[PDB]
Every structure is written in C-alpha cells, then in structure tokens.
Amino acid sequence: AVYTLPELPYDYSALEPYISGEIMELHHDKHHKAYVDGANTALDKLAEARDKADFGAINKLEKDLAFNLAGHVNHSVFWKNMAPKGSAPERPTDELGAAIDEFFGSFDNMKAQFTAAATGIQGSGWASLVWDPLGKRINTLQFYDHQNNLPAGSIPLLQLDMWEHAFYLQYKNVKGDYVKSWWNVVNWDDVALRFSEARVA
C-alpha cells in the first residue's frame, strides 16, 4: 500500500502514569490504523475515477483524502514527539531553545500560548508548533479536526492531540490535567531533529 501504520517507538505503557497504555493501544491500533486504511482507500478511488473518467464523487474523495491523510500525518508525528519521562530532556536546548526564545520570548511564553491553543479548541483538533517556511519562523497553530485551520507548507514540529479519544478514558472532561501531564513526556530531541530538517523550507 501507499501508506502504512508506523509502530510505536516504545511500549504501550511506556508513557505512564501520564498517558495510560489503554489509551495508547486504542489510539494507535484502532484510530491511527483507520486513517491509514482511509487514506489508501481514497487514493484507490481517485485512481478508479481517472480510469473511467468519472469524477462525480470528487468532492467526497478529496475530503476523504485530506481527513485521513492529515490524521495519519498528525498521529505519526504525535508518537515520535513523545518519550518516557527521563528518556529525553525536559526542556529545549541549543538551536531549538534559541529559536523558541526568538519567536516567543521564552520557553514559558511558548508553553503558555501552546497550552491556551490546546484547551480553547471548539470541537476536535490539535495544538501545533510549526515551521513557517515563508516567514522563516516558528508559530503555533490550532488545527480543527485533522485537516483544517492551517497554511499549506506548514511543517509540524510538535503536536498535541486534543480529540476526546486522546484523553477521555483517563482525564474525563478535564482537558487541563491532560495538557499538564503531557508536557512531562515531550521528546525535545525529536522536536529538535524536525526543526533541523524543517528550517530548509
């Protein structure tokens, strides 16, 4: 197939007590898998459309593609953005740390802005730290669902899943507690790597 489900870079319960293994198992094995299958199906349908010269369902297929592919991209980044506490730095350093200070003033300011973007979402969505190739800077974006509210060319560096399936079983309606806990498992090494390769447009 074109798209494949990546394996988690750690055990399902490696993020505990911050994120339960039960959520990790359902989130990865069920939800992420659905997006991969959906993105592949969308491409197969578009190929069939071209062969028969029948683009009647083009509007449906383009949304199926955007929704599922965005879901695949977002989750793929999400898994790598995390690591068991202690396995990675608790704060950004070197170039990344300097860039964050440059575009947000300080790490604390970026954290506050990112947290506000995460908890204020009206519906399903993501809080995202991206590299803007046009402005050559790091911005925070608030995705709606998986594929809305973002400029083309945006390169994801750090993402936080704010869909209810990401925290409900453990934190219930208290999304604030989920966000606080999540900061403990952010893999700043992964974010630093993405930044190193992203700041080249």
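Residues carry their position along the shown sequence, with the first being 1.
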Task: Stretch exceeding the other in mean C-alpha B-factor - 71 to 79, 85 to 93 - done: 85 to 93
Open item on the list: Please compare 20 to 28 with 7 to 15 and name the stretch with the higher mean C-alpha B-factor in the deposited structure.
Closed with: 7 to 15
- [ ] Could you check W131, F114, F104, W126 and tell me which one carries the biggest Cα B-factor in the deposited entry?
- [x] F104
Task: Out of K33, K63, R137, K175, highest CA B-factor residue - done: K175
Task: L160 - Cα temperature factor, lowest/middle/highest third of chain - done: lowest
Task: Third of the chain, ranked by Cα B-factor, where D51 sits - done: highest
